[PDB]
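Participant: Listed in order, the protein sequences are those of chains A, B and C.
When you number the first sequence by the UniProt record's numbering, it's gap-free, plus one each residue, and the end is 104.
When you number the second sequence by the UniProt record's numbering, it's gap-free, plus one each residue, and the end is 359.
When you number the third sequence by the UniProt record's numbering, it's gap-free, plus one each residue, and the end is 56.
Ideal placement from N, C-alpha and C gives every residue a C-beta, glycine not left out.
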Amino acid sequence: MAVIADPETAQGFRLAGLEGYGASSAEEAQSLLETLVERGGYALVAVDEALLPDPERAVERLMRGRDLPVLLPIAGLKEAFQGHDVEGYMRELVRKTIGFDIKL
Amino acid sequence: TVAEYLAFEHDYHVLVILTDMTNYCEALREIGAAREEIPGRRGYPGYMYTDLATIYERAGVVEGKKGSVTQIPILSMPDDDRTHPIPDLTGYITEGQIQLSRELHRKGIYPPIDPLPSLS
Amino acid sequence: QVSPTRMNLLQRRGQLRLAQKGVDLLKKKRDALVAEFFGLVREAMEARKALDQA
Ligand SMILES: Nc1ncnc2c1ncn2[C@@H]1O[C@H](COP(=O)(O)OP(=O)(O)O)[C@@H](O)[C@H]1O
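1) By Cβ distance below 6 Å, which residues in the same chain neighbour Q338 (chain B) in space, the five residues on each side in sequence not counted?
2) On a Cα-Cα basis, can you pick out the residue from B:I270, B:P351, B:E334 and B:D250 that is closest to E342 (chain B)?
3) By the three-class DSSP mapping on this structure, what secondary structure does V308 (chain B) have?
4) State the DSSP-derived secondary structure class of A46 (chain A), mapped to helix, strand or coil.
5) What span of residues does the alpha helix (DSSP H) with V59 (chain A) cover, start to end?
6) Kindly list the residues whose CB is nearer than 6 Å to the CB of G279 (chain B), restricted to its own chain and excluding five residues on each side of it in sequence; keep chain order.
7) Take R268 (chain B) as the anchor and find which of B:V255, B:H249 and B:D290 has the nearest alpha-carbon.
8) Should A5 (chain A) and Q30 (chain A) be called a contact, given that it needs their Cβ atoms to be closer than 7 Å?
9) Quick one, which of A:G22, A:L62, A:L68 and A:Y42 has its alpha-carbon nearest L52 (chain A)'s?
10) Comparing alpha-carbon positions, which option in A:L93, A:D54, A:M90 and A:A50 lies nearest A75 (chain A)?
11) Within 7 Å of any Cβ in chain C, is that where the Cβ of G12 (chain A) sits?
12) Along the chain, where does the alpha helix (DSSP H) that runs through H344 (chain B) open and close?
13) What does DSSP give as the partner residues of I102 (chain A) in its beta bridges?
14) Do we get a CB-CB distance below 7 Å when we pair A75 (chain A) with the residues of chain C?
15) Any residue with its Cβ nearer than 5 Å to a heavy atom of ligand 1 should be included. What is that list in chain order?
16) Check the Cβ-Cβ distances between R50 (chain C) and every residue of chain A, and say whether any is below 7 Å.
17) Assign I4 (chain A) to one of three DSSP states: helix, strand, or coil.
18) Closer than 7 Å, CB to CB, is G83 (chain A) near chain C or not?
19) Quick one: is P317 (chain B) buried, meaning 16 or more other Cβ sit within 10 Å of its Cβ, or exposed?
20) In chain order, what residues of the same chain lie with their CB nearer than 6 Å to the CB of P73 (chain A), ignoring the 5 residues before and after it?
21) Does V3 (chain A) get closer than 7 Å to chain C when you measure Cβ to Cβ?
22) Given a threshold of 16 other Cβ atoms within 10 Å of its Cβ, counted over all protein chains shown, does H249 (chain B) qualify as buried or as exposed?
23) At 7 Å on the CB atoms, spell out the chain C contacts of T322 (chain B), in chain order.
24) The alpha helix (DSSP H) with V94 (chain A) in it runs from where to where?
25) With DSSP run on the structure shown, which of helix, strand or coil describes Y283 (chain B)?
26) In whole angstroms, what is the alpha-carbon distance linking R39 (chain A) and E48 (chain C)?
27) If you follow the alpha helix (DSSP H) that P351 (chain B) is in, where does it begin and where does it stop?
28) Given this structure, state the Cα-to-Cα distance separating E34 (chain A) from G65 (chain A), to the nearest angstrom.
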């Protein structure tokens, strides 16, 4: 169940009792994500939003089927001070997802 | 006539290949549209079923005699369909048909028979 | 191309009517899917709110 913002936060995840990591660069995070999809940490991964928003390139790299490693953006410890994007983030979710832009 | 003689008075096993039975039928459409005789479906004259009959019906085996006439007319569907009067009335006299499909032939399959629209 | 009889005209009218029913049915299917989509997007907002506060 890997989660990648820092190794400093990841040892807090070990203090929670789940495996986590930290890379501080994009290809290193996708490579450790790649071996994590290869041999599982039971396939549920979150990556820091300032590190990788969409790691789905790794999904189409290794495991195009079953979408079992679910990939999540997550608010970092140096970023959770602001409350990242929530309403405009849903704006771009709708813009990405259905084609239309709405206001609601 | 020659096939019924050779089959039923000399005890042969005659096979009659009647090639291209749509050219025959357009020939009798030519004389039947000379004589203004009223047509069935698609211009062919109304008495065409009886002429295809008195061709096709001269086949079979007869009791006591060891002859036989096996007919194979090579029909040519014009628009590649069965609704046309020539393959249609052919299918209503005779007992069976074997239909070659163009779709299997485009994939390079000789003999291009498809079994589902053919019967015997 | 296809065999031009009055029966085949009726089969083609029947399948035109079935496809015109299918446009209506699949638009209604899309409407139900949009209804649950907008039922889930505000749950995504509330989940992100609880996630950031915890
Ligand atoms: N110029 C022609 N020459 C030969 N036959 C013709 C000609 N015109 C019409 N006919 C045919 O002759 C037939 C006329 O029928 P009718 O004179 O009552 O004699 P029948 O009873 O012997 O047929 C029609 O079926 C028609 O097709």
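Facilitator: Looking at the coordinates:
1) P356 and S357
2) B:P351
3) strand
4) strand
5) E56 to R61
6) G285
7) B:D290
8) no
9) A:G22
10) A:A50
11) no
12) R341 to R345
13) Its beta-bridge partners do not exist; DSSP assigns none.
14) yes
15) B:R274, B:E275 and B:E276
16) yes
17) strand
18) yes
19) exposed
20) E49 and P53
21) no
22) exposed
23) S5 and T7
24) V86 to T97
25) coil
26) 33 Å
27) Where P351 (chain B) is concerned, there is no enclosing alpha helix (DSSP H), given that its DSSP letter is neither H nor E.
28) 15 Å
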